[PDB]
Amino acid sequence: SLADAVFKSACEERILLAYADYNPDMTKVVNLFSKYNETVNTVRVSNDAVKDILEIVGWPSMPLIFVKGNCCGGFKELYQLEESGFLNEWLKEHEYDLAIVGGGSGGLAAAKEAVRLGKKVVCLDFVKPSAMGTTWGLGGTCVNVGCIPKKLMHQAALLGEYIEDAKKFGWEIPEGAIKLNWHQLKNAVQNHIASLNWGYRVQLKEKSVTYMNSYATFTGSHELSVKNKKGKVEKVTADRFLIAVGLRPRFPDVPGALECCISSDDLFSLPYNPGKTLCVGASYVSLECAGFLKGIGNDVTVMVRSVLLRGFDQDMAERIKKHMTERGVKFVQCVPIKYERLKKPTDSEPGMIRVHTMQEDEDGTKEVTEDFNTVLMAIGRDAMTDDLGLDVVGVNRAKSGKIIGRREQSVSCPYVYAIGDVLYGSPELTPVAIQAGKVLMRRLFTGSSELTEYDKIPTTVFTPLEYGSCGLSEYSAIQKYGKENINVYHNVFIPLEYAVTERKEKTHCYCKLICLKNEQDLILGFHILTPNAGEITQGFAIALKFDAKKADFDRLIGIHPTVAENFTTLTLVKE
């Protein structure tokens, strides 16, 4: 048989053995499953198809064993499961076909797709409060404390710059400095978040998915114990588990950090204008937040350890820095050594943090202080998986708390899967979680060979001036292929919308196309610094799925007038 026949057979059949040619331990398998009154269906895989099948399930020798549509590997893996007693518990009936731990981007996407394929699904979501005590509804990081509130506050900051544009285009706006009222913005954002929480809660109920607002821990091979807000503990059993627990803001081992500094978990529901703010960190979260806080008129400082946007093209990173500097954000090469609280916040006004730094001159080191209203700790995001009981169900984790996959299947446990941010090496983006969820569900319950494509994923950093990208940085391309084999085509431009204004952005917009010279200027990556970078980058990202060349960009006809057409017309080679 071919692949799809094998995977379909595997999805449908309760226990399937996939073989190339007659091997001794197939009898041993028959005899072992005979022990449990189980019937072992078999398939002669054709030799034309072995390699493909082996690559898809991510195992390296041929004889393959499936249990309830989950790939276990070979005999050693099976005998391990049997010897551990797991197989005996696995073969029993359970309450749910699938239990999902996490009600975020991935969780909810998986839940919706599973139930559309007619499976009994439970979804567990619980939000342990931040250190400041902040908590929120269903939907996960993106909905409550991630992309959706951040984009709204970015739009607030842009509408600031639009008010001034409106004057240059002839709109007679009554004279007077205009201030943004934090309470109005925050209520407007929180009201939308509240509508999405209800939306998801409804969507789950409407689709016959069981929701439990309860924090889940493995207390058995196929048993989660789940604790709700009241402290009530229930037991949930299932034939399969999806871990989509995501991450939480990282705090450093520094005195006062956890006492004095807020995180993105807290910023989007603050009962006060955060005032003179310090953003600690160089991640996209620090710069996005610093950006909009400046745009709504706060005094903003960013303290970075060494470089901005580690992982991103450093040319583009330096360009974001020059621009946000021109827009009045202060950058400083420090890491605080202590945070001291001077004033607690009220329900209407912010507090005061004293921030301690070591500063050098040519004569020695000074301990130096500086008083900020609010300090945003934004250095990263970690997996909080210590209290999940992954030891109980023998799910290996990386040094960080992230789960180690064979694709999305736990590398060590065949009926536990992970997607989204907690999957070791998964890019931490909402649309990736969703696609991983939707696609996994289609492999598990449909027996398709469809794989989430984790390469050449487009991003946008929503800095005051937006940065869109897909593919290699100029550095990575040069490191992997030589300098001699890379062409960079690039250009500056002025968005027409800015032409009649005196905006600082007129001197900062830039795009570059990274091309492999010795393979017909094949496009390895592209990068653009512009209004609406995300709207522009999305479509152009499909070019990389087809091994597009520069010639393909040059024979594409522009829409005039747009920023996007600039990618149609590049001729200048960087050095």
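All residue numbers are counted from 1 along the displayed sequence.
Remark: stretch with higher mean C-alpha B factor among 520 to 528 and 39 to 47 is 39 to 47. Here 225 to 233 and 497 to 505 are compared by their mean Cα B-factor, and 225 to 233 comes out higher. Sorting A20, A564, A551, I557 by the CA temperature factor given in the entry leaves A20 at the top. Of the candidates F75, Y475, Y417, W171, the one whose C-alpha carries the top B factor in the deposited record is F75.
In the PDB entry, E535 places in the lowest third of its chain by CA B-factor. When the CA B factors of the chain's modelled residues are split into thirds, the value for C515 lands in the lowest one. Sort the modelled residues of the chain by CA B factor and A99 lands in the middle third. Ranked by C-alpha B-factor against the other modelled residues of its chain, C334 falls in the highest third. The deposited CA B-factor of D299 belongs to the middle third of values across its chain.
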